[PDB]
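Reading through the structure tokens given below for one structure.
Numbering (the working numbering), first residue to last: 676 to 754.
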């Protein structure tokens with residue numbers, strides 16, 4: 676069942692390339708990695724990763740949830 680992890684408070688270095696690398700390191704093929712928002716107030720990005728199933732999403736959620744990257748704590752939500 677499709678599982679989407681929404682992400683915000685992403686520093687500049689917590690970028691699409693980094694997220695793609697994390698998925699590759701876990702042998703996970705997401706349907707989509709999309710960083711499509713920028714918040715001027717906090718100078719951070721937002722977006723989502725859409726996974727094929729909850730099992731894949733779980734592993735990346737565990738890595739990212741409340742992780743400090745580039746000065747900002749990655750903030751997540753399930754859908």
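For each residue, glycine too, the CB sits at the ideal point set by N, CA and C.
- Just measuring C-alpha positions, the residue of 695, 746, 750, 732 sitting nearest residue 740 is 750.
- Within the DSSP secondary-structure output, residue 723 pairs in a beta bridge with 681, 709.
- In this structure residue 682 is buried. Its beta-carbon is surrounded by 16 or more other beta-carbon atoms within 10 angstroms.
- In the DSSP assignment, residue 735 is bridged to no other residue.
- One thing to note: residue 723 has its Cβ within 7 Å of the Cβ of residue 709.
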